[PDB]
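1. Return atomic coordinates for the entry below.
(chains A, B, C and D)
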Amino acid sequence: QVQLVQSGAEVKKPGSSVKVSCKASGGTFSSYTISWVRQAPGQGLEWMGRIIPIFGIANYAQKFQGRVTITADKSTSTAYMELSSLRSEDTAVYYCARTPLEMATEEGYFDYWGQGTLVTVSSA
Amino acid sequence: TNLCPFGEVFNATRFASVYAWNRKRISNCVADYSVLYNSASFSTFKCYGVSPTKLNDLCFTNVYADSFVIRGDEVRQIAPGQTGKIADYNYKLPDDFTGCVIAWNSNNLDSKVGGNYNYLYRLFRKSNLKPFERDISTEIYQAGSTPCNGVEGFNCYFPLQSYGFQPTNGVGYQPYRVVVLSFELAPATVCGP
Amino acid sequence: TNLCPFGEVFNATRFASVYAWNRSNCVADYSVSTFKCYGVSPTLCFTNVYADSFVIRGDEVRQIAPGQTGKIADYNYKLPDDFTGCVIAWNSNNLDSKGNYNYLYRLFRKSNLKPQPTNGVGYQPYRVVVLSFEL
Amino acid sequence: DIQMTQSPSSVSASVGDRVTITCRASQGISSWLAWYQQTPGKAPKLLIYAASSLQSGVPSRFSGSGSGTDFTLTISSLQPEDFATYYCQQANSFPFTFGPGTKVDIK
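-> Residues are numbered from 1 along each chain as shown, chains lettered A, B, ... in the order given. Please find the structure below.
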């Protein structure tokens, strides 16, 4: 019964950066690859970049490469995503999802998801 | 007849990463291993196949000083037969080893503040290295069933990854500069008496 | 060579208590109400079978689902997440009409586990067997 | 860079009907696939992975198949709970792409 819990709904001004987290409550650190997926309101899901905490290798999407960096703090099992220079229309609800890992090969098909830090620049 | 340049190895300004361990050849000189044993700076000193106290009593054909850098948890697997990550994808010591293994703390030497990413090691390889093999080639690992053969991506892993040493890192996960001395029992030219 | 007691688990003296359900290497099939099965398609290697049998009325049986959680499920039998098994609920009113029974209707038992006008419409007894496949 | 596209989003099925959603990959992704389900105000839950292996923990109604580029999702009976948007992704290229989204909803 692995469940993933993120931080709150961060509200930061454009051009700043955020450090949203994703606690992988349950499951060993050598069997999941945290993948972050964003969802703009009224728009389908969009994928930025996964990390493999056991290996440390983390390749991103060419649209978000350099723009977005990801760190997996295996000491406390909370993968971290850093949205450097949050500007333009990056306001979305960023999810975190763990793709199961077998032996040493990533498998994809994000199954267990977080609740989503509704990172929105609005008074609400 | 002249003194061997063990200072060109142990007192070197830096060591190559483990996946490309430096192989310094020592010969045509007289070796004095006592200053190695009597040195108080060595964290570990374990010789396989020869007693450390009789080193400057035998005579060796040639000396090979495999110098590299690993983490504290990785020094234990620099030994014959033992397997792991370093002993399977970076440097596998032969089962019948007749040399010495030397490692000492290097926290203040090759571990800069904020993370020194200059040292690399092979996470993945097709199979275990044969003993005394240097796989300096950096080819993308095809972990999955898709032959990408190009830019790394899904199941296409870059084999070289950085230790990322920090001064605040734990003792068991700190850089220990290993200098594996290798001797062979034939004309011999790296001994004294 | 051997067949597991699918003709005995679904046909015996009675059904045991909910807390202690009654009791490998056989052949399993499907053409031996509520045909719906979870996890895997009804139409296949398996390691172990867990046939949990009990009786629940036709109203509280709607709570037997990972997505639908209620007291009757959170206190007696909650289906685990990532379920790889099926469930069959068949009518038992006709042969078990006669208030005396041995079912557990507790709505405060410990806590949430972490593994015919006369006849009532929602009180009709339905016998439910849930099969959990290990592999 | 594999731009996926499903069937037209406007799908109307009252209850217990057959709603089929098919998405085709721009490039070749073999049989890799991961169909999802976007319930309103909640994270997508994996339904089918590898386009043939049904995920554990969801009904057998959510079934799909196919090969090459043309991939399908079929629902045997639309239970009232399954009033959600369905997404498919690939597992061949690394820049994972999610489809625009086919939502089965009331009018």
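2. near chain D, which residues of chain A?
-> A:35, A:37, A:44-47, A:59, A:61-63, A:95, A:97, A:107-111, A:113-116 (C-beta under 8 Å from any C-beta of the partner chain). All C-beta atoms are positioned from the backbone trio N, CA, C, and that covers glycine.
3. neighbours around residue B:80, how many?
-> 17 (other C-beta atoms under 10 Å in any protein chain shown).
4. any idea what sits nearest it, other than its immediate chain neighbours?
-> residue B:97 (4.4 Å; C-beta to C-beta, 6 or more residues apart in numbering or on different chains).
5. Now list the buried members of the residues of chain A next to chain D.
-> Among the residues of chain A next to chain D, those that count as buried by neighbour count (16 or more other C-beta atoms under 10 Å in any protein chain shown) are A:35, A:37, A:44-47, A:59, A:61, A:95, A:97, A:107-111, A:113-114, A:116.
6. mind checking how far the closest residue to residue B:144 other than its chain neighbours is from residue D:37?
-> Leaving aside its sequence neighbours, residue B:144 sits nearest to residue B:155 (C-beta to C-beta, 6+ apart; 2.8 Å). The spacing between residue B:155 and residue D:37, counted by C-beta to C-beta, to the nearest Å, is 26 Å.
7. Also residue B:42?
-> 61 Å.
8. same deal with residue A:49?
-> Distance, residue A:49 to residue D:37, by C-beta to C-beta: 23 Å.
9. Equivalent analysis for residue B:68, please.
-> Going from residue B:68 to residue D:37 by C-beta to C-beta gives 51 Å.
10. How about the residues of chain A by chain B?
-> A:55, A:56, A:57, A:59, A:104, A:105, A:106, A:108.
11. what do you get for chain D?
-> The interface of chain D toward chain B, taken as C-beta under 8 Å from any C-beta, is made up of D:91, D:92, D:93, D:94.
12. a markdown table for those residues, including secondary structure and distance to residue B:36?
-> Supplementary listing: these in a markdown table, determined by DSSP: H, G, I helix; E, B strand; the rest coil; distance: C-beta to C-beta, whole Å:
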| residue | secondary structure | distance to residue B:36 |
| --- | --- | --- |
| D:91 | coil | 54 |
| D:92 | coil | 55 |
| D:93 | coil | 54 |
| D:94 | coil | 49 |
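13. tell me the contacts of the closest residue to chain A within chain B?
-> Here the residue of chain B nearest chain A is residue B:143; by C-beta to the nearest C-beta that distance is 4.5 Å. Shown in contact with residue B:143 (C-beta atoms under 8 Å, 6 or more residues apart in numbering or on different chains): A:104, A:105, A:106, B:124, B:155, B:156, B:157.
14. picking up where we left off before, give me the more crowded residue out of residue B:68 and residue D:37.
-> Remark: of residue B:68 and residue D:37, residue B:68 carries more neighbours, 24 against 20, as counted by other C-beta under 10 Å.
15. what about the strand or helix carrying that one and chain A, touching?
-> Taking DSSP states H and E as the definition, residue B:68 sits inside strand B:63-71. No. If you take C-beta under 8 Å from any C-beta as the test, strand B:63-71 misses chain A, and the best it gets is 13.1 Å.
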